[PDB]
Structure formats: structure tokens, C-alpha cells
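All remarks here apply to the structure that follows.
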Amino acid sequence: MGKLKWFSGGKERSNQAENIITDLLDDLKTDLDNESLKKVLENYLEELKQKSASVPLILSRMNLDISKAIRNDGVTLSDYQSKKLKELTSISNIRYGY
């Protein structure tokens with residue numbers, strides 16, 4: 001929301017994850033594979049917008065949310081997908097939870 005633009009990376013670690021999620025969302029647009037899964041990325045992505053929940057506090061649950069969504073509807077993340085997943089993975093402090 002707002003005057004958002006395209007950005008690879010930067011000092012803003014919080015805004016970083018938000019930008020990443022937006023990526024998959026693009027190709028996911030009117031996708032044939034994932035249709036309901038996007039609900040996770042989109043929803044979680046909105047969390048970062050709020051100043052209540054912590055960036056790394058929401059991202060941690062994300063992995064636990066998407067992962068479960070896999071076996072659910074037998075979803076499969078593409079190469080770039082699974083790769084971009086490791087993004088907020090290393091940034092998030094809650095890595096042991098996984």
C-alpha cells in the first residue's frame with residue numbers, strides 16, 4: 001500500500017521481506033497452480049504493514065503456515081519459490097522452531 005515500488009534489496013530488513021513476498025505474488029497472479037495458497041503470503045504480508053506484530057515474529061509463523069499448506073492441497077513451490085523462501089528464513093531469529 002502507498003507509493004510502493006520495485007526494489008531488490010536494502011538496509012531495511014523489515015521492508016525486505018515485504019518486497020520478497022510481493023515477488024511471488026506477481027507470478028502467482030491468475031496462476032493455475034497456487035490459488036488459495038496465496039492467501040498465506042498475502043495475509044502474512046499485510047502483517048508486516050502493521051506496527052503491532054514484529055517482522056521476524058510473523059515471518060516465523062509464515063514458514064509453519066505455508067509448509068502445512070503444502071501437504072494440504074498438495075502444493076509445490078517452484079525453484080525460485082523455495083529459494084525466495086530461504087530469504088526471510090535466515091533473517092528470522094526463530095529458525096529453531098522449524
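Ligands are numbered from 1 in the order shown, residues from 1 within each chain, and chains are lettered A, B, ... in the order they appear in the C-alpha cells.
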Polymer residues at most 10 Å from residue 33 of chain A, only C-alpha atoms, same-chain spacing of 6 or more positions, as a list in words: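 The filter keeps residues 75, 76 and 77 of chain A.
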Preceding selection exported with C-alpha atoms as a PDB file, in the first residue's frame:
```
ATOM      1  CA  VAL A  75       1.124 -27.658  -3.309  1.00  0.00           C
ATOM      2  CA  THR A  76       4.658 -27.497  -4.703  1.00  0.00           C
ATOM      3  CA  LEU A  77       6.894 -24.420  -4.616  1.00  0.00           C
TER       4      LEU A  77
END
```
Nearby residues (only C-alpha atoms) at most 12 Å from residue 1 of chain A, same-chain spacing under 4 positions excluded, as a PyMOL selection string: chain A and resi 5+18-19+22+45-46+48-50
Spatial neighbours of residue 40 of chain A, max dist 9 Å, only C-alpha atoms, sep filter under 4 positions, as a list in words: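 My list of contacting residues is residues 36, 44, 45, 62, 65, 66 and 69 of chain A.
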Selection: 7 Å around segment 52-56 of chain A, only C-alpha atoms, excl. self and same-chain fewer than 2 positions, as a list in words: residues 14, 47, 48, 50, 58, 59, 60, 92 and 93 of chain A
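Take the candidates A:41, A:51, A:24, A:68 and check each one against residue 81 of chain A using only C-alpha atoms; the shortest distance goes to A:24.
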